[PDB]
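Per chain, numbering begins at 1; letters A, B, ... match sequence-line order. All values below were derived from every heavy atom in this structure, side-chain atoms included, with hydrogens, water molecules and symmetry-related copies excluded. Counting convention: from 1, in listed order, for ligands and their atoms alike.
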Amino acid sequence: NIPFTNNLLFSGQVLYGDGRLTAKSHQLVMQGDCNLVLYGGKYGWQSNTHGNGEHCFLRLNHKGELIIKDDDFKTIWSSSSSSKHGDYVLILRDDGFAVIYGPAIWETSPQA
Amino acid sequence: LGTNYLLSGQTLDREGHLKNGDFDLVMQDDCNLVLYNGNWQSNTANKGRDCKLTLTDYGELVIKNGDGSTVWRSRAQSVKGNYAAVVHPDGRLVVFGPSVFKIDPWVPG
Ligand SMILES: OC[C@H]1O[C@@H](O)[C@@H](O)[C@@H](O)[C@@H]1O
Ligand SMILES: OC[C@H]1O[C@@H](O)[C@@H](O)[C@@H](O)[C@@H]1O
Ligand SMILES: OC[C@H]1O[C@@H](O)[C@@H](O)[C@@H](O)[C@@H]1O
Ligand SMILES: OC[C@H]1O[C@@H](O)[C@@H](O)[C@@H](O)[C@@H]1O
Ligand SMILES: OC[C@H]1O[C@@H](O)[C@@H](O)[C@@H](O)[C@@H]1O
């Protein structure tokens with residue numbers, strides 16, 4: 001697996017059970033009630049998927065899709081933003097924006 | 001500038017850095033970008049003074065000196081869009097982008 005960094009979520013990692021991205025004055029929390037909620041901002045964000053499922057988890061894939069699945073892998077919510085196949089990341093930026101950047105176009109050296 | 005990323009349009013200045021764990025990208029004195037514990041450098045020491053690290057509309061990392069000249073390009077190109085250079089915790093610097101999704105807690109639901 002990939003070590004955690006409070007404000008990033010690279011393709012592969014999986015938040016669930018009130019796990020969260022944390023930045024400056026914000027949190028994006030994949031809550032226990034299957035609702036993904038960004039906290040803070042002027043209004044904040046939710047996917048309103050409260051109660052929609054059990055043991056839901058969040059996961060940004062390698063096609064650029066950030067998805068919420070319940071314990072039975074039913075899609076509950078998609079970022080619905082599929083693009084080029086490769087490595088993606090989700091930053092909870094210090095300005096409050098949760099933004100998904102990808103795919104990866106340049107590196108100092110390769111993964112393994 | 002915000003700790004472990006540099007968004008396109010942002011500038012990492014002399015002494016400025018990005019840290020993730022035992023890893024540190026310093027935009028150094030001698031115009032050399034060193035990624036400590038990361039066995040990597042721009043490898044551009046003394047090739048300037050008062051230099052600055054930037055990210056383009058196209059996801060390229062560029063370093064200019066105090067005067068104004070490009071001194072290193074990452075040479076990688078993709079489309080016009082937002083980009084983030086990020087300090088992956090494995091110890092690599094990765095340019096991701098373009099943006100493909102945005103959550104905005106400022107405009108209402
Ligand atoms: O936290 C689970 C971890 O297990 C460790 O022993 C390593 O194999 C890591 O690569 C992995 O992330
Ligand atoms: O206190 C947090 C709670 O906020 C409520 O308004 C709900 O929408 C839930 O998503 C959440 O559990
Ligand atoms: O080869 C690049 C690799 O990068 C890692 O961080 C993971 O995303 C792997 O799944 C991927 O294959
Ligand atoms: O790869 C760059 C390396 O260059 C060496 O000469 C030293 O400056 C190291 O601290 C650094 O890791
Ligand atoms: O300058 C293009 C490439 O050249 C290599 O030798 C390294 O300096 C890389 O960091 C760089 O991406």
Side-chain angles (χ1 to χ4, degrees), chain A residues 1-22 30 55 57-67 69 73 78-79 81-92 98-112, chain B residues 3-6 12 14-48 51 53 59 61 63 65 71-78 83-101:
Chain A
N1 305 12
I2 304 177
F4 189 71
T5 321
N6 309 38
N7 65 335
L8 314 178
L9 192 78
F10 298 87
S11 294
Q13 319 187 302
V14 164
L15 293 172
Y16 57 95
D18 300 333
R20 44 162 64 62
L21 287 193
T22 314
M30 167 79 269
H55 296 119
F57 65 89
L58 180 66
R59 168 190 206 265
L60 156 64
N61 64 31
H62 286 79
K63 288 184 189 183
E65 219 163 328
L66 182 75
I67 310 183
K69 287 296 191 181
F73 290 116
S78 191
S79 66
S81 52
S82 169
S83 176
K84 201 160 174 268
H85 198 104
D87 289 337
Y88 287 72
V89 77
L90 157 63
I91 309 180
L92 182 71
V99 180
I100 296 173
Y101 296 80
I105 74 196
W106 183 87
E107 70 192 4
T108 37
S109 31
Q111 169 60 85
Chain B
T3 300
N4 47 18
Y5 64 92
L6 190 68
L12 182 69
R14 19 169 184 149
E15 312 285 67
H17 55 45
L18 293 185
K19 216 243 304 183
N20 197 346
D22 288 352
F23 299 123
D24 208 335
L25 177 89
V26 179
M27 179 78 264
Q28 303 189 187
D29 260 340
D30 47 27
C31 212
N32 191 20
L33 197 48
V34 175
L35 167 46
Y36 288 88
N37 292 306
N39 193 266
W40 180 96
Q41 56 179 316
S42 55
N43 182 19
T44 54
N46 307 313
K47 289 176 183 170
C51 326
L53 167 67
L61 295 154
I63 305 180
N65 57 349
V71 197
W72 176 96
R73 284 161 85 84
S74 51
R75 312 211 158 95
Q77 266 199 348
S78 161
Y83 288 79
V86 177
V87 211
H88 193 285
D90 60 30
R92 297 166 315 109
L93 183 40
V94 184
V95 170
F96 287 93
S99 147
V100 189
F101 187 82

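When side chains are defined from C-beta on, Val94(B) does not count as touching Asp87(A), because their heavy atoms never get closer than 4.5 Å.
The shortest heavy-atom contact between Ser78(B) and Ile105(A) is CB-CG2, 4.2 Å. Annotation for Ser42(B) and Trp72(B): closest pair O-CD1, 3.6 Å, computed over non-hydrogen atoms. Listed here is the closest heavy atom pair of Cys31(B) and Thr44(B): O-OG1, 2.6 Å. Of all the heavy atoms in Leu61(B) and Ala85(B), the pair that sits closest is CD2-CB, 3.8 Å.
Of all atoms in ligand 4, listed by their number and element, those nearer than 4.0 Å to a heavy atom of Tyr36(B) are 10 (O).
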When you pair each N or O of ligand 3 with protein N or O atoms, which pairs come out under 3.5 Å?
from     : atom 1 : to        : atom 2 : distance (Å)
ligand 3 : 4 (O)  : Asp87(A)  : OD2    : 2.9
ligand 3 : 6 (O)  : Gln111(A) : OE1    : 3.0
ligand 3 : 8 (O)  : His62(A)  : NE2    : 3.2
ligand 3 : 8 (O)  : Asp87(A)  : OD1    : 3.0
ligand 3 : 10 (O) : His62(A)  : NE2    : 3.3

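Screening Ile67(A), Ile100(A), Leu15(A), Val14(A) against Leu60(A) for a side-chain contact (heavy atoms from CB on, under 4.5 Å) leaves a single residue, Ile100(A).
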